[PDB]
Each structure stands twice: as C-alpha cells, then as structure tokens.
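Those letters in the sequence shown? Residues 801 to 812, 820 to 938, 996 to 1168, per PDB author numbering, in order. Here a beta-carbon is modelled for each residue, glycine too, at the ideal position from N, C-alpha and C.
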Amino acid sequence: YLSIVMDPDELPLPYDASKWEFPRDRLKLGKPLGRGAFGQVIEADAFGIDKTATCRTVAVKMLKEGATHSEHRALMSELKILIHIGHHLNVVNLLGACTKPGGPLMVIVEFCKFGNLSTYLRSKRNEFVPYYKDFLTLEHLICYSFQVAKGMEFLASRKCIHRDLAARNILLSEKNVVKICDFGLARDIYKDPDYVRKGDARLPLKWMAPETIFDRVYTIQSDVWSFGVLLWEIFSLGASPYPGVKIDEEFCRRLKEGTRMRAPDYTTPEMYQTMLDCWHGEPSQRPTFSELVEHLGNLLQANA
Ligand SMILES: CNC(=O)c1ccccc1Sc1ccc2c(/C=C/c3ccccn3)n[nH]c2c1
C-alpha cells in the first residue's frame, strides 16, 4: 500500500548502496510511531546517519508479523521512489536504508517530533489566537498551508502524485516546518474511519475528487482537490471533513452536483475562497500547485 507514486500520465530505479545503505548495528529501535496490519513506523536512534559521529532520532518503516513477500517488494519500491524524488524541505527526507540479507528491510527518514498535523492541530484548540507563547496563530496556519503547497509542487516536478493527501499524512517538526509523508503500510486503513469500504478497496472518500470517486482517475489536479480538503482541515484546527454527514452514494451524488463544505471556524475569507477554487468540479479549472504556492505566498506576507 503506497499512495505516493509515479504519475501514470507522465510515463514512461537503481539502488546506490554506497550512498544509502546504513548498518543495522548503528540503529537502535525504539517505540512505535504508527502501526498498520503489515507494517509500522518506529522511532529510533541512528548513530552518524547524516552527521559524522552524532546520534540522530529517526523514523523507520519496516514490516511486521502478517506481512508477506509482496509487502516486502512494496516497501522496496517505496524506498526506490523516495530516492527518485530526492530532497525538499517539505517532504519527509530519506536518510538511509537497511537492505542486507539476514534482517528486515528498513526505510529510514527524518523524525518529525510533533507527529501528524491533524492530531497536533486538534490538540491546540485551547491554545490558538488569530493574531501566549506557544499559542498557534493564523500566521502558522497560512504558513503550514503554504509549505504543503510547495512540497506538492515539488512532488509534481518529480512527476509523482500523492494518492492520499490529507492532514494525517502531513508531519510537523521543529521550527514550524511541515513535511508531506505517507504512513502507507504503517496505517491500519481497515480500522481507520477515514477510509471507507468501496469494492475490495478502502478509500479516503472525503478527500477524493469526484472524478476519482466516480471514474477512478488520479491526477495531480485531483491532488489539488485533496489539498483543498487539507486546507479545510488546517483551518478547522484538525476537524473531520463533512461534519456529521454519512459518506454514502448520496454524498458522492451531491458532491458531483456541486455541494461543498461550509467555511471552517478559523478560516479567513481568502482561504475559504481558495478551498472553493480547489474544489472546482472541473479539474482543469482548479488552480495548479504553482498557482497555489504563489497565492498562499501572497496571503502569508499580506497577513503579517
Ligand atoms: C513515503 N514514505 C514515508 O513517508 C515514510 C518512509 C519511512 C518511514 C516512515 C514514513 S512516514 C512517517 C510517519 C511518522 C513519522 C515521524 C514521527 C511521528 C510522531 C511524532 C510524535 C508522536 C507520534 N508520532 N517522523 N517521521 C515520520 C515519517
């Protein structure tokens, strides 16, 4: 289960072990940060992984009991696409991997100390003011929004899409930097109500563009729709989308016909209009991530 993938619309991966391979004995595994059926992300201390002679807290994805060879192959392709994507401030950064025989495949990325953005924002409801040290403000929210737009613009430039863009897949680290990730195998989607059963699949319906729901099309522009939902999540401080609405056939029907969420509690007028732009019924009429980067950039400096 991987949602970050090469864009099929853009098609038509080696492994440089001398670069990426990290000795398992320089890694000390710690507590779980997330668990799915067949995979998990665990906190760990990596000695010298990115700076000579320095201990570094990292996150490591690996398989668990119940996984089979096909999950193993899938994790390997996750490693390979992370290598292809390369470095950007706003995408969780690959630091190394353990791929030698005799032990588990392990994919090592930077640790983001505040966890996923949805949970985090939902914990700051009592510590927010629009304009008190450690209180969140409108500036933070706009800034997080701007950052994710940049990461997504970057992913687009690497010819990838994110099939599961949502606040639960945004991480907050120090210095108010947010990073796009995908828990993937390390999330239990059969147990997480954000994923709704449909066919043999469990899908993030509330984040999905109508053409994705009805036609099963995944494009970068369907990602823009999800980004609109993510914006709504940010400016609701971590609320669940479409509050108190049964996600069924009629939901999808009303969505295709043009029903949208009302403005969240902490939004500005400009931001809500931006959400609405992202939720344009016509994919080609939605803004691009580049246009969003520019626009959120202006909203940011305008705000301060
Ligand atoms: C596309 N692949 C990945 O995103 C990925 C690859 C390897 C390992 C993990 C991930 S996803 C991920 C999930 C959680 C994390 C964290 C920390 C989360 C946290 C922090 C505090 C409390 C609870 N959870 N840091 N970095 C992470 C990366």
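Within 8 angstroms: the Cβ of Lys887 and any heavy atom of ligand 1? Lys887 Cβ: outside cutoff for every heavy atom of ligand 1.
Using DSSP bridges, identify the partner residues of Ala904. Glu828, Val914
What residue range does the beta strand (DSSP E) around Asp852 cover? 846 to 854
Name the one or two DSSP bridge partners that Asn923 has. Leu1035
Provide the residue span of the alpha helix (DSSP H) that contains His876, from first to last. 876 to 892
Check whether the segment 1068 to 1088 touches the segment 1144 to 1156, taking contact to mean three or more Cβ pairs, one atom from each stretch, closer than 8 angstroms. yes
Inter-stretch contact (C-beta, 8 angstroms, three-pair minimum) for the segment 1019 to 1035 and the segment 840 to 856: no
Counting along the chain, where does the alpha helix (DSSP H) carrying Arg1117 start and finish? Residues 1113 to 1121.
Let's test the definition: count the other Cβ atoms within 10 Å of the Cβ of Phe999 and tell me whether it reaches 16, buried, or not, exposed. exposed
Counting along the chain, where does the alpha helix (DSSP H) carrying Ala866 start and finish? Unbroken run through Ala866 is the beta strand (DSSP E), 862 to 870; no alpha helix (DSSP H).
9 angstroms Cβ cutoff met for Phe1010 and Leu836: Contact flag unset, no.
With a CB to CB cut of under 6 angstroms and the five nearest residues on each side skipped, what residues in its chain are close to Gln847? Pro839, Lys871, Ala1050
Under three-state DSSP, which class holds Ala1166? In the three-state DSSP reduction, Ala1166 falls in the helix class (H, G or I).
Meets three-Cβ-pair contact criterion under 8 angstroms: the segment 873 to 886 and the segment 901 to 921: yes
Please look up how many angstroms separate the CB atoms of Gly1102 and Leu896, rounded, as I've assumed it's under 8 angstroms. That belief does not hold up - the Cβ atoms of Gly1102 and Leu896 are roughly 23 angstroms apart, past 8 angstroms.
Just the Cα atoms here: how many angstroms apart are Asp1112 and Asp1052? 21 angstroms
Are the Cβ atoms of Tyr1054 and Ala844 separated by less than 9 angstroms? yes
CA nearest to the CA of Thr859, picked from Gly873, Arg833, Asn933: Nearest Cα to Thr859 within the set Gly873, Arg833, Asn933: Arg833.
Are the beta-carbon atoms of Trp1089 and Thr1131 separated by less than 9 angstroms? no
Sorry if obvious, but does the Cβ on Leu901 come closer than 8 angstroms to a heavy atom of ligand 1? yes
Determine the DSSP secondary structure at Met1135, reduced to helix, strand or coil. helix
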